[PDB]
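A.B. asks: need a structure here:
(2 chains, ligands or ions: 8)
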2 protein chains.
Amino acid sequence: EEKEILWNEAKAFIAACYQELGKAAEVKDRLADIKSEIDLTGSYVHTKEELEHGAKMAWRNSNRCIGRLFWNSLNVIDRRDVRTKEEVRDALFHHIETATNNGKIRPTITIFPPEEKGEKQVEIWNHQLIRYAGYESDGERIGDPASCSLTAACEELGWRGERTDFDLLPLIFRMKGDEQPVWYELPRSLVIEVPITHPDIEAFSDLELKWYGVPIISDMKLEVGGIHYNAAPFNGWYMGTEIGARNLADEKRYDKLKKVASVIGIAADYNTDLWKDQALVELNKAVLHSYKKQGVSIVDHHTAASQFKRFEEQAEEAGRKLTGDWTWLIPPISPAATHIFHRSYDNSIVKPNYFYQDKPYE
Amino acid sequence: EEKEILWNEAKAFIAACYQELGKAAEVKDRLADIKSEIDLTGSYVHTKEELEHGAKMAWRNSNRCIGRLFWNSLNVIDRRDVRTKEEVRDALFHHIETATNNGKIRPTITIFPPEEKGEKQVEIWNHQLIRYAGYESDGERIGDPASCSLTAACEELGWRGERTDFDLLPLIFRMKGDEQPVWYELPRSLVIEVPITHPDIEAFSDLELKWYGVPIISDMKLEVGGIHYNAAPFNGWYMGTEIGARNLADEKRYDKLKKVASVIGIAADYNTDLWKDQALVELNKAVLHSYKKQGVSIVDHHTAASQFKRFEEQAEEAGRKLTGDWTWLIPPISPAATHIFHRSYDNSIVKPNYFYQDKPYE
Ligand code: HEM
Ligand code: HEM
Ligand SMILES: Nc1ccc2ccc(CNCCc3cccc(F)c3)cc2n1
Ligand SMILES: Nc1ccc2ccc(CNCCc3cccc(F)c3)cc2n1
Ligand SMILES: C[C@H](O)[C@H](O)[C@H]1CNc2nc(N)[nH]c(=O)c2N1
Ligand SMILES: C[C@H](O)[C@H](O)[C@H]1CNc2nc(N)[nH]c(=O)c2N1
Ligand SMILES: [Cl-]
Ligand SMILES: [Cl-]
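C.D. replies: Numbers count the residues shown, from 1 in each chain, chains lettered A, B, ... in the order given. Ligands and ions are numbered 1, 2, ... in the order given. The protein structure is shown below:
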């Protein structure tokens, strides 16, 4: 059954991929080669062209992603050759460097060897390569609550955080054959951070807020033609609301809205004053302003939605079905000011794609 | 088949309704009476108790409604007795008066005779009893674009609007047996309107914005135990975002955001300035402030969401399933600041309920 599942996905993917690459005539010979290889070995190996286009298709098919217009310019790094933890570490370090690109962020994915018999070759524990630690003890809350369980797992392994609100978590990953993951402190020279200031309100810097420049998601599985790349970190650049409306705003995250209201000089006493809404707007203006000022790529939600409209238009004229998750595509502020809010989307799952997978801690 | 459909819904409704009213023992005798009546007449007549509780249940089951906490205090007016257009007119006038209640809005429904053989007894053309007209000709846009087709239909019938941006549409409805609806101008003494001013920004009154006090939805069908009340206008009070984030903000409605930005003294040139977001917040603060100042009931979206949380809690402890439409329950501004955004809802349709129906014009 596993072999049949693999072969079916392989047939679907190779046909579609080669059609898009104008290589339709080669499909017949390639599929035969694949069928023999699966019969012989239980699996098959993608060509570099297949892997690159597959990672791109998977981004294109990500229903929840508003940034899909740029799917075809994804920078794919093939690291199926790594065998050692030093190599994995250095590949991760390299990804941070090349994706960051001095602030001019390059959308990038680094692809590690895939699962064999469902057996992982490399197992990355980080949610993102750059992420802040979180602590909770005796009612005391420090840093990012969403990082509490990973932080606790790191500290089991001999890591110790400084317990600022912005401790950088180490890289942590496990190799096939090892019972325990290893961890490495991030070289600070690789990590760009942005202090949050406001264009008009000088007092905003009193909050001493900051965020990291590049979100590099490292815990999703890339699936391409029935091959499972559980370890394949990728990045784009941030949409501002991700930071200003969620990471810094949510009560279960950094929960900064009351403090924002105070520094912008409004009362936080009455729902009818819409103080949360006003605070959200100013914090979000601050985030966009700060990233731009530092020369780190970012997009606002209006521009992002305009790009997504073009993605919809592009899909139609290319004759491809559009899929999307309305509930995630709408931005968490002024959603009705975007075209997204006013239409619907088919939420069917199409492969290649990126998928959630179980945490190895917890 | 129609009779079977009716009887099945009747059985389901009477059982549930009488359970809730502690009248479970009476179900057996009532259902027999109903079965005979359907056999004899093709239909059945609700008791006053059944009708009142049915209209309440239908509100409770409205998946898209954030205001459901107060479902049980709905004021039900039984007008199944009306036979003439003067009576219908006067009932509609009465509803406006009693619901308005000098600004202290009473949630109210007036129920007219139901469809017979799918044959309407009274057919109301208005979307709401109080609503502004809309005009479009030679590129010239006046009033509410969403009212353009009804406005045009009214003007076919000899009505003429003054062509201000806030012309009150007349009541328009058709009686069984008539080929044409009749229309009646609304007495202005019945209609409360609210001028939009801002608490801090004096210039806001330069926009000369206003809205009506009470939204009285008059084009949905109430269904109760297989009986179709196509004519049954109802009202609550507004949630502020309905006016400030949609009616006055949408590009296809009054489209006021650029003008709002100008009077609050910000540029409307760059997406990254989040000028639409800031304008939306101030316009919405203005709406809430204005209604409160005039003594007309209104709720903000934060308070409304807090009430809805209590509705969820109430449903659970009463042992009732909760149903909801996430995409409509989230407010169109700062949705992630409400608990609604962070959970999911079962969107199953449960009866009694309110339903859309085809427009008799267009
Ligand atoms: C280039 C800039 C990009 C922008 C501005 C962008 C924007 C976004 C945003 C705002 C989200 C919602 C995230 C959340 O609320 O947690 C998202 C989700 C997502 N994006 Fe993108 N994205 C970009 C690039 C990429 C790239 C390069 C990939 C992969 C190759 C990708 C795949 C996804 C996926 C899989 C999700 C869903 C994650 C989940 O379900 O939790 N995006 N994107
Ligand atoms: C008491 C104050 C009330 C508030 C604050 C409230 C709030 C809301 C809001 C904000 C909407 C969304 C409307 C839109 O975006 O177009 C809504 C929808 C709805 N409400 Fe309520 N509501 C209230 C009372 C009522 C009453 C009295 C009924 C009927 C008895 C009702 C039934 C509905 C229905 C059926 C919808 C869906 C309409 C549609 O699909 O277009 N509500 N409510
Ligand atoms: N700009 C982008 C691009 C791709 C992304 C892909 C994934 C994500 C994060 N999605 C999950 C966020 C999350 C999940 C669970 C807990 C939590 F705190 C936060 C953000 C992205 N941002
Ligand atoms: N406060 C309330 C309560 C109940 C409501 C019930 C219905 C509505 C309106 N829902 C449809 C609005 C609409 C539909 C179609 C076109 C349009 F311009 C506007 C608003 C309500 N507001
Ligand atoms: C938190 C919960 O999953 C919620 O229903 C969804 C709604 N839509 C979202 N949309 C985005 N972009 N990101 C999110 O985290 C969520 N959360
Ligand atoms: C306009 C379109 O129907 C859109 O998908 C929905 C989204 N959610 C909504 N929610 C509310 N409360 N009201 C609306 O008109 C809409 N519009
Ligand atoms: Cl993030
Ligand atoms: Cl309305």
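A.B. asks: wait, is residue A:177 part of a strand?
C.D. replies: No - the assignment for residue A:177, made by DSSP: H, G, I helix; E, B strand; the rest coil, is coil rather than a strand.
A.B. asks: tell me how many other residues crowd it.
C.D. replies: Here the neighbour count serves as a burial measure; for residue A:177 (other Cβ atoms under 10 Å in any protein chain shown) it reads 6. Heads up, the C-betas are built off the backbone N, CA and C, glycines and all.
A.B. asks: same check, this time on the one 5 residues further on
C.D. replies: For residue A:182, the number of neighbouring residues by other Cβ under 10 Å comes to 16.
A.B. asks: all helices of the stretch 1-150 of chain A, in order?
C.D. replies: A:2-20, A:27-41, A:48-60, A:85-100, A:148-156 (DSSP state H, counting those that start in this stretch).
A.B. asks: revised request: answer the last question for the stretch 151-300 of chain A.
C.D. replies: In the stretch 151-300 of chain A, the segments counted as helices under DSSP H, counting those that start in this stretch are A:240-241, A:257-263, A:275-294.
A.B. asks: of those, which is nearest ligand 1?
C.D. replies: The stretch from these with the least distance to ligand 1 (Cβ to the nearest ligand atom) is helix A:240-241; that distance is 7.1 Å.
A.B. asks: tell me the bridge partners for residue A:238.
C.D. replies: For residue A:238, the beta-bridge partners are residue A:298 (DSSP bridges).
A.B. asks: tell me the contacts of it?
C.D. replies: A:215, A:291, A:298, A:299 (Cβ atoms under 8 Å, 6 or more residues apart in numbering or on different chains).
A.B. asks: ok now stretch A:115-127, how far from the chain's centre?
C.D. replies: Using Cα atoms, centre = their mean, to the nearest Å, the mean C-alpha position of stretch A:115-127 is found 17 Å from that of the whole chain.
A.B. asks: just the CA trace of it, in CSV.
C.D. replies: What follows is stretch A:115-127, C-alpha atoms only, in CSV (Å, rounded to 0.1, in the frame of the first residue of the first chain):
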residue,chain,number,x,y,z
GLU,A,115,12.2,10.3,5.2
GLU,A,116,13.0,6.7,4.1
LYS,A,117,10.6,4.2,5.7
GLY,A,118,8.9,7.1,7.4
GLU,A,119,12.3,7.3,9.1
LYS,A,120,13.6,10.8,9.4
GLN,A,121,17.3,11.5,8.4
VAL,A,122,17.3,14.9,10.1
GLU,A,123,14.7,16.1,12.6
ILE,A,124,14.6,19.9,13.3
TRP,A,125,13.1,20.9,16.6
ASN,A,126,12.9,24.7,16.1
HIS,A,127,9.6,26.2,14.9
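A.B. asks: kindly provide the distance from the residue nearest the centre of chain A to residue A:127.
C.D. replies: When Cα atoms, centre = their mean is applied to chain A, the residue found nearest the centroid is residue A:217 (3.4 Å). Between residue A:217 and residue A:127 the distance, using Cβ to Cβ, to the nearest Å, works out to 7 Å.
A.B. asks: same check, this time on residue A:149
C.D. replies: Spatial separation of residue A:149 from residue A:127 under the definition Cβ to Cβ is 10 Å.
A.B. asks: try residue A:185
C.D. replies: 17 Å.
A.B. asks: JSON lines for the helices of the stretch 1-150 of chain A, including mean neighbour count and distance to ligand 5?
C.D. replies: Listed next are the helices of the stretch 1-150 of chain A as JSON lines, based on neighbours: other Cβ atoms under 10 Å in any protein chain shown; distance: least, Cβ to the nearest ligand atom, whole Å:
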{"stretch": "helix A:2-20", "mean neighbour count": "16", "distance to ligand 5": "27"}
{"stretch": "helix A:27-41", "mean neighbour count": "13", "distance to ligand 5": "37"}
{"stretch": "helix A:48-60", "mean neighbour count": "21", "distance to ligand 5": "16"}
{"stretch": "helix A:85-100", "mean neighbour count": "18", "distance to ligand 5": "21"}
{"stretch": "helix A:148-156", "mean neighbour count": "17", "distance to ligand 5": "17"}
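A.B. asks: adding distance to ligand 6, write these out as CSV.
C.D. replies: Below are those laid out as CSV (distance: least, Cβ to the nearest ligand atom, whole Å):
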stretch, distance to ligand 6
helix A:2-20, 30
helix A:27-41, 40
helix A:48-60, 23
helix A:85-100, 35
helix A:148-156, 34
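A.B. asks: of these, which is nearest residue A:192?
C.D. replies: Go through the helices of the stretch 1-150 of chain A one by one with Cβ to Cβ and the one that ends up closest to residue A:192 is helix A:85-100, at 5.7 Å.
A.B. asks: touching the closest one from outside, list them.
C.D. replies: If you take Cβ under 8 Å, 6+ apart as the criterion, helix A:85-100 is touched by A:75, A:77, A:79, A:82, A:105-108, A:110, A:112, A:122, A:129-130, A:171, A:173, A:175, A:182, A:184, A:186-187, A:190-192, A:213-214, A:216, A:218, A:233, A:235.
A.B. asks: rewinding a little: would you list the helices of the stretch 1-150 of chain A in CSV and tack on distance to residue A:277?
C.D. replies: As requested, the helices of the stretch 1-150 of chain A are arranged in CSV below (distance: least, Cβ to Cβ, whole Å):
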stretch, distance to residue A:277
helix A:2-20, 44
helix A:27-41, 54
helix A:48-60, 33
helix A:85-100, 33
helix A:148-156, 29
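A.B. asks: fine by me, thanks again.
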